[PDB]
Amino acid sequence: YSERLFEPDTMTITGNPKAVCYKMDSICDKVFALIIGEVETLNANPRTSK
């Protein structure tokens, strides 16, 4: 019961094998991210992976 969760909440960015945003940013009313590029394979944890 306790926890308070989520949303309808599915928002993808462009998709594709995806990518990782080093930094997602927040500033008034308009917040967003940059992505360097695409980490490889389908699924990779960038900070640990490559």
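When you number the sequence shown by the deposited numbering, it's gap-free, plus one each residue, and the end is 394. Where a beta carbon is used, it is the ideal one built from N, C-alpha and C, also for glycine.
Comparing alpha carbon positions, the residue from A363, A377, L378, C372 closest to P390 is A363. The shortest CA-to-CA distance from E384 to any of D369, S370, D353, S393 is the one to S393.
Selection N360, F350, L349 evaluated against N387 yields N360 as nearest (Cα-Cα). In this structure, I357 sits away from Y366, with a CB-CB distance that is not shorter than 7 Å.
Residue range 368-371 is occupied by the beta strand (DSSP E) that includes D369.
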